[PDB]
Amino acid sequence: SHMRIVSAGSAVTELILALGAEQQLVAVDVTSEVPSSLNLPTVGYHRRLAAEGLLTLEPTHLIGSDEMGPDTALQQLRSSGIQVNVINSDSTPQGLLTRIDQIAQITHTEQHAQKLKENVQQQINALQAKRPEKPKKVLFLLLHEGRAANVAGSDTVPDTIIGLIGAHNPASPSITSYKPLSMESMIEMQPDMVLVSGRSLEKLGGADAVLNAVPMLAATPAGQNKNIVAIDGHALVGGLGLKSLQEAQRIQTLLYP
């Protein structure tokens, strides 16, 4: 077990690094972030893994979400003796704690698990501690060029993050997962703050530009105050992770000075 890990997801990579086991990585996926110094090869998109491409890395593990595929490549790895570990990808805090356990076990760093799960819970408590009696309203908008403006309802990492910063997600009862948000619902929900599909979804300009993009925000507090805030897209993938918690803190400071 001289480890050679292909990490197939950003949420895998961060934990592997957090547990001090970066020397075990031989490759990461496109969404993963690792220091330039490591010279780690990429492996593309975990939904389109190349069986032979992976095999040349002589890996011992392929770790990712249940979205790793295609399945025909996963069998070629298994049949060749590569451990293929499907790992948690909920939008829940317990999903994160479970993910930490799943990784700590594979990478044999259980020792670090408790202390890391402990920090994770501390941050969450620190975030929850700052929740007011009168929480504000926050929506996450998933915007694309030529696509209809979507929203994160229940069971999304952006929904969990909004709860953790101590806000209401007005979309979270009525909407499940990511759905088109009717202009009327948005007007009705009256968000105080809008979060946008990555810091990277601009590509538009910024606050005033997303406002240009979604002109009905003008009839919400968020719009009339240009309170349109960027959240790092990596904190939304895999799903609820260390980056998620860090963004959440950073955004709560913006939402409640």
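The numbering used is simple: start at 1 and walk along the sequence shown.
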Exercise for the section: Mind pulling up the entry and telling me whether 192 to 200 or 25 to 33 has the higher mean Cα temperature factor? Expected result: 192 to 200
Fill in the blank from the handout: Comparing mean C-alpha B factor in the record for 93 to 101 and 140 to 148, the higher one is 140 to 148
Handout entry: Residue with highest C-alpha B-factor in the PDB entry, from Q83, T156, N88, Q123
Key = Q83
Exercise for the section: Identify, among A222, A209, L62, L49, the residue whose C-alpha carries the highest B-factor in the deposited PDB entry. Expected result: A209
Completion exercise
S1: C-alpha B-factor third of its chain, per the entry, is the highest
Problem - Ranked C-alpha temperature factor of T72 among modelled chain residues, by third - result: highest
Handout entry: Where the record places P173 (Cα B-factor, split into thirds across the chain)
Key = middle
Practice task
Would you please rank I106 by its C-alpha temperature factor against the other modelled residues of its chain and give the third it falls in: lowest, middle or highest?
Solution key: middle
Fill in the blank from the handout: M186: CA B-factor among chain residues, third -> middle
